[PDB]
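Heads up: the structure comes next, in structure tokens.
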Amino acid sequence: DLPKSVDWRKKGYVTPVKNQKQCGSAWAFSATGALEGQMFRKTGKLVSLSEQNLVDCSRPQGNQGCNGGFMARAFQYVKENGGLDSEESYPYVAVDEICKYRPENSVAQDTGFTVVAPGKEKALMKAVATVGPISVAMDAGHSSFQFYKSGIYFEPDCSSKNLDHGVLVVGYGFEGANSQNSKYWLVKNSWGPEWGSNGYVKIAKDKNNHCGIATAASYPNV
């Protein structure tokens, strides 16, 4: 009984597209994006969250800052730390720096996170429909993705198991009148608004877990 389409951007859950620049911090942007949606669902206030706070401070939890990391380890950091600072108060500079977490500037918290049944696009569809934006890993390691500009993205060389890039599923939809025709996942990237379609990409949906979008999906518990 899930909706034919979902787009959380239309309900105020999603901040404008950000840019990680030359830092392997996509996992931090995916995590802040999912926490931004859950915090909005809880309080009605959309507050941009600090990726730099995660880059600089979550090494104990197993992240490696600009050398990579994982969204579940970032949600683990926010839980163990008791908070996460706003983007305004702890700005992004795209380089590993000293941890400067300030509890008085915290605007978010989580108690851990929930994992979507791995490899199941229908499970991911249910989480997107009932929770809000969901953090996901994908295989983005292709020039077709770097130069992606519009339309549904399908890449034959995509893997659903060996992934390399965290992104945020903000909804799903279809092209035209038939809800089961030309389906896609609405994905927010962190390569800036100029990349792709206003910083977003439509990834083919119900095409065998294309690019691994439902392989490692999760969301923070607020």
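To be explicit about the labels: the chains of the structure tokens are called A, B, and onward in the order shown, and within each one the residues are counted from 1, while ligands get numbers from 1 in the order they are shown.
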Skip residue 119 of chain A itself and residues of its chain fewer than 2 positions away, then list as a short mmCIF file (atom, residue, chain, number, x, y, z; two decimals) with N, CA and C atoms, in the first residue's frame all residues within 8 Å of it, counting only C-alpha atoms.
```cif
data_model
loop_
_atom_site.label_atom_id
_atom_site.label_comp_id
_atom_site.auth_asym_id
_atom_site.auth_seq_id
_atom_site.Cartn_x
_atom_site.Cartn_y
_atom_site.Cartn_z
N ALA A 117 16.66 -4.17 5.10
CA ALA A 117 17.00 -5.53 4.65
C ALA A 117 17.97 -5.46 3.47
N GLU A 121 15.26 -4.02 -2.91
CA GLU A 121 14.71 -2.74 -3.30
C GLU A 121 13.30 -2.50 -2.73
N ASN A 209 18.49 -4.13 -8.27
CA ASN A 209 19.33 -3.42 -7.30
C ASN A 209 20.49 -2.74 -8.02
N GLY A 212 23.77 -1.13 -6.63
CA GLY A 212 23.83 -1.42 -5.20
C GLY A 212 23.05 -0.50 -4.30
N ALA A 214 20.27 -0.62 -2.80
CA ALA A 214 19.62 -1.18 -1.62
C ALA A 214 20.52 -2.15 -0.86
N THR A 215 21.79 -2.21 -1.20
CA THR A 215 22.72 -3.15 -0.53
C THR A 215 23.13 -2.75 0.87
N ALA A 216 23.26 -1.44 1.14
CA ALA A 216 23.74 -1.00 2.44
C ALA A 216 23.06 0.30 2.79
#
```
Where in segment 35-85 of chain A does DSSP assign helix (DSSP H, G or I), given as JSON, numbers by chain?
{"A": [35, 36, 37, 38, 39, 40, 41, 42, 43, 51, 52, 53, 54, 55, 56, 57, 59, 60, 61, 71, 72, 73, 74, 75, 76, 77, 78, 79, 80, 81]}
Quick one: write out the picked residues with C-alpha atoms as a CSV table (one decimal), in the first residue's frame?
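Produced file selection-v9.csv, reproduced below:
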```csv
chain,number,residue,atom,x,y,z
A,35,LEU,CA,20.0,13.2,10.0
A,36,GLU,CA,18.7,16.4,8.5
A,37,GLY,CA,15.6,14.7,7.4
A,38,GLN,CA,15.0,12.9,10.7
A,39,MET,CA,15.6,16.0,12.8
A,40,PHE,CA,13.0,17.8,10.6
A,41,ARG,CA,10.5,15.0,11.0
A,42,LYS,CA,10.9,15.4,14.8
A,43,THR,CA,11.0,19.1,15.3
A,51,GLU,CA,30.0,17.3,7.7
A,52,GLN,CA,33.3,18.7,9.0
A,53,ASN,CA,32.4,17.7,12.5
A,54,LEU,CA,32.1,14.1,11.3
A,55,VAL,CA,35.3,14.3,9.2
A,56,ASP,CA,37.4,15.6,12.1
A,57,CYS,CA,35.9,13.7,15.0
A,59,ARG,CA,38.1,8.4,13.7
A,60,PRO,CA,37.5,6.5,16.9
A,61,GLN,CA,34.4,5.0,15.4
A,71,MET,CA,27.5,6.3,7.3
A,72,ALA,CA,26.7,3.7,10.0
A,73,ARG,CA,30.0,4.7,11.7
A,74,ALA,CA,28.9,8.3,11.5
A,75,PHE,CA,25.6,7.6,13.2
A,76,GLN,CA,27.5,5.6,15.8
A,77,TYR,CA,29.7,8.7,16.4
A,78,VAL,CA,26.7,11.0,16.8
A,79,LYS,CA,25.2,8.5,19.4
A,80,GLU,CA,28.4,8.0,21.4
A,81,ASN,CA,29.2,11.7,21.2
```
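Every protein or nucleic acid residue with an atom no more than 9 Å from segment 151-157 of chain A, counting only C-alpha atoms and leaving out same-chain residues fewer than 4 positions away, appears here: residues 142, 144, 145, 182, 183, 184, 185, 197, 201, 202, 203, 204, 207, 210 and 211 of chain A.
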How would the residues just chosen look if you wrote them out with N, CA and C atoms as an mmCIF file, in the first residue's frame?
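As a result, selection32.cif now contains:
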```
data_model
loop_
_atom_site.group_PDB
_atom_site.id
_atom_site.type_symbol
_atom_site.label_atom_id
_atom_site.label_comp_id
_atom_site.auth_asym_id
_atom_site.auth_seq_id
_atom_site.Cartn_x
_atom_site.Cartn_y
_atom_site.Cartn_z
ATOM 1 N N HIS A 142 32.298 5.327 -12.255
ATOM 2 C CA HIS A 142 32.247 5.294 -13.709
ATOM 3 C C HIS A 142 32.205 6.669 -14.321
ATOM 4 N N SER A 144 30.445 7.472 -16.766
ATOM 5 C CA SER A 144 29.068 7.720 -17.091
ATOM 6 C C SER A 144 28.396 8.435 -15.926
ATOM 7 N N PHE A 145 28.873 8.152 -14.705
ATOM 8 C CA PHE A 145 28.306 8.828 -13.522
ATOM 9 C C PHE A 145 28.913 10.192 -13.381
ATOM 10 N N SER A 182 9.318 2.946 -16.302
ATOM 11 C CA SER A 182 10.493 3.800 -16.182
ATOM 12 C C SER A 182 10.707 4.288 -14.746
ATOM 13 N N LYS A 183 10.710 3.355 -13.807
ATOM 14 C CA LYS A 183 10.942 3.738 -12.399
ATOM 15 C C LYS A 183 12.365 4.146 -12.047
ATOM 16 N N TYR A 184 12.439 5.033 -11.054
ATOM 17 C CA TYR A 184 13.775 5.477 -10.637
ATOM 18 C C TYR A 184 13.798 5.853 -9.157
ATOM 19 N N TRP A 185 15.004 5.827 -8.582
ATOM 20 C CA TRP A 185 15.277 6.305 -7.228
ATOM 21 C C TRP A 185 15.718 7.733 -7.389
ATOM 22 N N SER A 197 21.746 16.433 -12.420
ATOM 23 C CA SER A 197 20.492 17.155 -12.600
ATOM 24 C C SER A 197 20.257 17.968 -11.369
ATOM 25 N N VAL A 201 20.410 12.668 -9.122
ATOM 26 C CA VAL A 201 20.503 11.699 -10.242
ATOM 27 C C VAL A 201 19.322 10.791 -10.040
ATOM 28 N N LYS A 202 18.678 10.360 -11.157
ATOM 29 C CA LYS A 202 17.598 9.396 -11.104
ATOM 30 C C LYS A 202 18.252 8.060 -11.370
ATOM 31 N N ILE A 203 18.275 7.136 -10.421
ATOM 32 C CA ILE A 203 18.941 5.847 -10.701
ATOM 33 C C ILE A 203 17.876 4.837 -11.006
ATOM 34 N N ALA A 204 18.166 3.975 -12.017
ATOM 35 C CA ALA A 204 17.154 3.021 -12.416
ATOM 36 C C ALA A 204 16.697 2.187 -11.201
ATOM 37 N N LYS A 207 15.584 -2.652 -11.274
ATOM 38 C CA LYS A 207 16.457 -3.216 -12.300
ATOM 39 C C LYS A 207 17.573 -3.975 -11.573
ATOM 40 N N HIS A 210 20.146 -1.931 -9.028
ATOM 41 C CA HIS A 210 21.171 -1.340 -9.853
ATOM 42 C C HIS A 210 22.114 -0.449 -9.055
ATOM 43 N N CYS A 211 23.393 -0.657 -9.283
ATOM 44 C CA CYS A 211 24.501 0.086 -8.621
ATOM 45 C C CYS A 211 24.477 -0.092 -7.126
#
```
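If only C-alpha atoms are the atoms counted, then among A:176, A:213, A:187, A:88 the closest residue to residue 161 of chain A is A:213.
Among the candidates A:107, A:100, A:14, A:64, the residue lying nearest to residue 85 of chain A is A:107 (atoms considered: only C-alpha atoms).
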Can you pull out the residues contacting residue 1 of chain A? Cut-off 12 Å, using only C-alpha atoms, and skip same-chain residues under 3 positions away; I want them as a ChimeraX atom specification.
/A:4-5,122,125-126,129-130
In segment 2-217 of chain A, DSSP strand (DSSP E) residues written as a ChimeraX atom specification:
/A:6-7,84-85,106-108,113-115,134-138,152-153,165-174,183-188,200-204
Give me a file of those residues, with C-alpha atoms, as a compact mmCIF listing (two decimals), in the first residue's frame.
```
# COMPACT_ATOMS: atom_id res chain seq x y z
CA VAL A 6 7.70 9.93 -2.94
CA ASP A 7 9.78 13.10 -2.95
CA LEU A 84 26.41 16.93 16.18
CA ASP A 85 27.03 20.59 15.40
CA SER A 106 24.75 20.80 18.85
CA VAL A 107 21.46 20.77 16.91
CA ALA A 108 21.05 16.96 16.43
CA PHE A 113 20.47 3.56 13.44
CA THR A 114 18.22 1.14 11.57
CA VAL A 115 19.46 -1.03 8.65
CA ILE A 134 17.66 7.20 3.56
CA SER A 135 21.49 6.90 3.49
CA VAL A 136 22.74 4.45 0.84
CA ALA A 137 26.01 3.30 -0.71
CA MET A 138 26.37 2.98 -4.45
CA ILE A 152 17.48 7.76 -15.77
CA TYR A 153 20.97 6.47 -15.09
CA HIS A 165 30.14 6.25 -2.67
CA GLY A 166 27.59 7.31 -0.06
CA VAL A 167 24.50 9.19 -1.29
CA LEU A 168 20.99 9.98 -0.09
CA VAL A 169 17.73 8.52 -1.48
CA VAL A 170 15.14 11.32 -1.12
CA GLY A 171 12.34 9.55 -2.96
CA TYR A 172 11.36 7.42 -5.93
CA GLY A 173 9.16 7.88 -8.94
CA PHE A 174 8.39 6.96 -12.47
CA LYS A 183 10.94 3.74 -12.40
CA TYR A 184 13.77 5.48 -10.64
CA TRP A 185 15.28 6.31 -7.23
CA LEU A 186 15.66 10.04 -6.53
CA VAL A 187 19.26 10.42 -5.29
CA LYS A 188 20.90 13.45 -3.81
CA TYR A 200 20.60 14.91 -8.21
CA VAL A 201 20.50 11.70 -10.24
CA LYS A 202 17.60 9.40 -11.10
CA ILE A 203 18.94 5.85 -10.70
CA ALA A 204 17.15 3.02 -12.42
```
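Computed from the coordinates, the atom CA of residue 175 of chain A to atom CA of residue 163 of chain A distance equals 26.8 Å.
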Restricting to only C-alpha atoms, whichever of A:18, A:10, A:205, A:102 is closest to residue 48 of chain A is A:18
Within 12 Å of segment 191-196 of chain A, which residues of segment 24-47 of chain A show up? Give each one with its shortest atom-to-atom distance in Å (one decimal) and the two atoms involved, counting only C-alpha atoms, rows by chain then rising residue number, as a tab-separated table.
```
residue	atom	partner	partner_atom	distance
A:24	CA	A:191	CA	11.0
A:25	CA	A:191	CA	10.6
A:26	CA	A:191	CA	8.7
A:29	CA	A:191	CA	10.0
A:30	CA	A:191	CA	11.6
```
Pick from A:189, A:87, A:82, A:47: nearest to residue 19 of chain A, with only C-alpha atoms counted?
A:189
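Across A:150, A:46, A:69, A:116, the tightest approach to residue 131 of chain A is made by A:116 when counting only C-alpha atoms.
In this model, the gap between atom CA of residue 222 of chain A and atom CA of residue 111 of chain A comes to 6.2 Å.
Candidate residues A:45, A:178, A:221, A:139 were compared for distance to residue 160 of chain A, and the nearest is A:139, using only C-alpha atoms.
Across the structure, atom CA of residue 28 of chain A and atom CA of residue 70 of chain A are spaced 7.7 Å apart.
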